[PDB]
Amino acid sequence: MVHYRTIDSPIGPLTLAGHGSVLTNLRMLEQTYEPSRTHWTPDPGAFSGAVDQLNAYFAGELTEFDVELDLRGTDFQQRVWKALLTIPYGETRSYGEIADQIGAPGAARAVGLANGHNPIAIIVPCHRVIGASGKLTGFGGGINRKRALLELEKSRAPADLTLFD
């Protein structure tokens, strides 16, 4: 029995969910049909490790996530979601690049589709893929959320100013 906890964030209410200390979900779930959520047990308590990290990512301090993930979906989806994890904070790839990486040259359009079913939204960074055109995808508010996340990372001040002295 999945337990979930919704928290607040600059891109809106982010619902977190899974069994115990492993994540299965992370979306902003408001204003779309999400019947799976009714089958879940609320829990203001769990996932607080990840809630900390989320707060810090938005604060601009965190760059890398340490979190347990159980990613479920088709085999193709997992290879795609696994490759998304290999994208560094504040970088991008093309759907074409991801297809090459997971060994399926030409599946750019298949990677776009897999991307939109990413069950864990910030920690698995689907926002960091963008096509040649440079146009953002995602459904409705999803686009503005993505842009937000992209402007966030791109903006982060260098960590150690002492390298300048």
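A residue's number is simply how far along the shown sequence it sits, counting from 1.
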query: 107 to 115 versus 50 to 58 - greater average Cα B-factor per the deposited record; finding: 50 to 58
query: B-factor third for the C-alpha atom of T32 within its chain; finding: middle
query: B-factor third for the C-alpha atom of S133 within its chain; finding: middle
query: Lowest, middle or highest third - CA B-factor, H19; finding: highest
query: Ranked against its chain, the third holding the CA B-factor of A157; finding: highest
query: CA B-factor placement of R79, once the chain's modelled residues are sorted into thirds; finding: lowest
